Every structure is written in structure tokens, then in C-alpha cells.
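The chain below stands alone, shown as C-alpha cells; this is the form deposited in one PDB entry.
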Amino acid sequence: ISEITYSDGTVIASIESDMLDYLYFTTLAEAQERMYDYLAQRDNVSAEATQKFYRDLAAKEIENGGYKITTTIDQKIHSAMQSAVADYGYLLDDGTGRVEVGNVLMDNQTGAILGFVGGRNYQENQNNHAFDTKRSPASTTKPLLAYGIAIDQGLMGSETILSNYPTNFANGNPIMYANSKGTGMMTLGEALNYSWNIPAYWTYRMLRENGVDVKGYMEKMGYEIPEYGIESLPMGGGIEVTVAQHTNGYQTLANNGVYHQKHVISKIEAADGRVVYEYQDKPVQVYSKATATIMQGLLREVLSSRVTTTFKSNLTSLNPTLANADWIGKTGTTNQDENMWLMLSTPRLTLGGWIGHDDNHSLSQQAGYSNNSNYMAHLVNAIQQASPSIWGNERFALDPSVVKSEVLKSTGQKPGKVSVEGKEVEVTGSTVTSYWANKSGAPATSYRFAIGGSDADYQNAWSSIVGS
């Protein structure tokens, strides 16, 4: 007689007990953590690896008591998501075995989880790849941990230049991206669309050199990272996250920089009217509104450029109308292709997606670029068939507090006079608008104008520029 229900109150199951489906265990486990804090607090503790007596009590309270447990799960969307993974799951198998999958669909204004995919098939495997397994987010780390923070601290703007010239780790090893040692200077947009690694590495070093509390940012979105003094951290080195938590970081970018904590339980009510737990809205401005809406604009291009994912193309062919909603996203690829991530938002929703194997062995080279992008387009279509207005028709837009600068294409700073080789120069050339999240906008071009680069790099780029 204790009960778990969908957001509209329809029963999911009753809870009982015995001695010897993803939806059931996920929602029960979150309901038990809610019951525990409630119990711990009503007996005024804060003491203790028992504990652990409170876990057991919370399970008993729910399996004996008569409690109504309201979830955020939308029955139609969640069922459509199961049918999707059942009908199009095979799209992910790439010749490397049975490829597993995790997907969380989150509401950007509230943090509520509308539906999810726990895996390919509960009966054949029960690991919950939406809420339990933790893998490096790799590249999908770079907007949250490196570029979004640098934009937020007034250290760069949308058309800032970064170095992708070859450079080494402190140990001598060259920093790589697939087989490439590096190219030269590029925009942010290019560093993002292609997902290069050297530009994120220099951004994070800048942040450290300037004393940015990067930990403060990540903690406010609930990320737990044990060691920040890692050179590859912007590449996802030393980080490991569930699909649900990571979706929650993209929710933050999509919601104009304002976090709401992910949840699957909204209310726990006793048969006697005692409300044991109700979700409190607790919004947190993590990035300014200028930062987040600037970041949205870049992530729009990461998908429309198709450089690292075929998603827009796949979705165009399945549902050209849905494909013209305002989609933004980032992909991620682990160093041996062990894990592929694709994160998508419209202004209303965020959908996180991971694929990999349980034993961590390698996927094919294109599992992320192609298989996962195509499977996710199917899943996005399904959610839509079930709830045709849930993705929303609104567009992401720059906040009015965003600051505009006219800069040069070649330096991403204002045109101006710099001294090169001792001998002076007047720099000019084709220009562009770059967006900033400070008061003053972009600076005037100085000698070292980009994020990173050795002296030899700057001498090579400066030279080619004065090729005017």
C-alpha cells in the first residue's frame, strides 16, 4: 500500500518486500534518500558509519508505512523513451560488441527529470547507465570548466584567439588531438566546433594563473572532482560523472546560467497529511546571463557545423520541423574512444547521452560522430511524437547586458598599434563583432594577443599577419 506515481499521479508501482524496472529502483532509491534526511532531521542528528541504521529505517518507513511518493517522470515521454531504445538501440552496435547507453531528459526551468534510458534492456543487463555509472565527460567538459569560466571572468569573448600550436605536457609528452600535434591560432568557435585540446589546456592554465575559483563554479552545479591540479582536467582528465549530473551542468548553460538541482522525486506525503518532503525551488546563478547566452550561441554552431556530430543532418531527415527548433550541444570523445557523449538543449529541455561498454573497452572510431548522433536524433523524435510541444519553439538569445566589440579577425582584439620585432605597426584588416561578459568589452590588441603560445609561435603568427 505504499505507492510510487508518475507526475500526473498515475501509479508506477506499490512497494512491498521478500527474501531469496529501471524506473522502480531509481525512484525508490531517491525516495529512500529523501526519507532518510527527513528521519535524520526529526531525530536531530548530525553525528556515525552507523549511519546506516538510518538507511535501514528509511527503507522500513516506506515499505511498511502508507506514503504517496510523487515523481517528476512523465509517463508518455518515459514510455516513448523505452520504446526508442528498444526499436533503435541496434543503431549503436558498431562491431565492437553490445554498446550500452544512458540518457536523461531534464526540464531546464526546474531540474526535474522527465524520462530516461537506463540501458539497452533491463532483463539482459541491470546496470543503471543513467544514474549510476560514472565516466569521463571528456570534451563536454570544456564549455563548463574552461571557456565558460574564462568568459565569465572577463578573460575572453566570443571571437577571442587561442593557440593550437604544438605544445607539451610538463613531462615532455606532446598534447594530442586524434593524430595531430597541433595547427596555429584559431577562434573560440573553431576551437569548439572541432573540439581541439591545446586551446582548452591553455584556457585552464590561464584560469589557474589568474587565481579563479574554478572549484566554486563546479561545486555549485554539484560536480565532485577530487583533484583540480591536473593539466588535462579541461579535457576531462581526472573527472568522472553520471549522465544525470552531467545533464544538470548543461541545464545550467541552457537556463541562462541558473542551476536547479536535478530531482526525480517532487513530493512525499503520509496518509495522515504529514508532507515528509517537498521539492523546494533553489535557483543558483552560476554563470552571469551574458556568459551563458554567449555560450549558447557558440554551442549552436558546434551542432550546425556538423564537424564532430551528424546530429542536425540525422534529425533533419527524420523530422525537418523539429530540426529547426533552436538546438545547441557539445560532443565528447575519450582518449581511446572508450566513451562518447552528446549533449543537446533547446531552451525548454536538456537531453544528455552517453554510450560505452561496461568493461571500458574501445568503441569504433565513429560511434560518437555517427552512431550515437543518429540514435539520439531518433530518441529526440520519439519524445516529440509523444509530446509534440515539449521541446518548445523559443530561441536562445543574447542577454541585453552582453557587451559588443569590433575586433580584428586576426587577433580578436580592437585594431591598434603594436610593436613587433622592436619596429612598430598599425594593425588593421577585416573585422568582426565579438561578445563579452565584462563591463569594458574586448581590449586593444597587445603583443601576446591570444590564450597561450610560445615566443616562436607568436613570432610565426605575427609575421604572417604583417603579411599585409
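Numbering starts at 1 and follows the sequence shown. What we label the rigid core is the largest C-alpha set whose atoms superpose within 1.5 Å from one form to the other.
Unmodelled residues of the deposited sequence between neighbouring positions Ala47 and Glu48 number 4 to 9.
Where coordinates are absent for parts of the deposited sequence, a chain break appears; between neighbours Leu20 and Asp21 it spans 10 or more residues. Mean CA B-factor, 72 to 80 versus 122 to 130: the higher value falls on 122 to 130. Between 154 to 162 and 326 to 334, the higher mean Cα B-factor belongs to 154 to 162. Among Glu240, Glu231, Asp107, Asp281, the highest C-alpha B-factor in the deposited entry belongs to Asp281. Annotation for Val275: CA B-factor lies in the highest third of the chain's modelled residues. Among the modelled residues of its chain, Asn179 has a C-alpha B-factor that falls in the highest third according to the deposited record. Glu209: CA B factor lies in the highest third for its chain, per the PDB record. Split the chain's modelled residues into thirds by C-alpha temperature factor. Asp358 is in the middle one. In this PDB entry, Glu394 carries a Cα temperature factor that places it within the middle third of its chain's modelled residues.
What comes next is about the form deposited in another entry, which is not displayed.
Per-residue Cα shift between the shown form and the other one after core alignment stays below 2 Å for all of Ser430, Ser419, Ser401, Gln41 except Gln41. Superposition of the core reveals a Cα shift of less than 2 Å for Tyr67 between the shown form and the other one.
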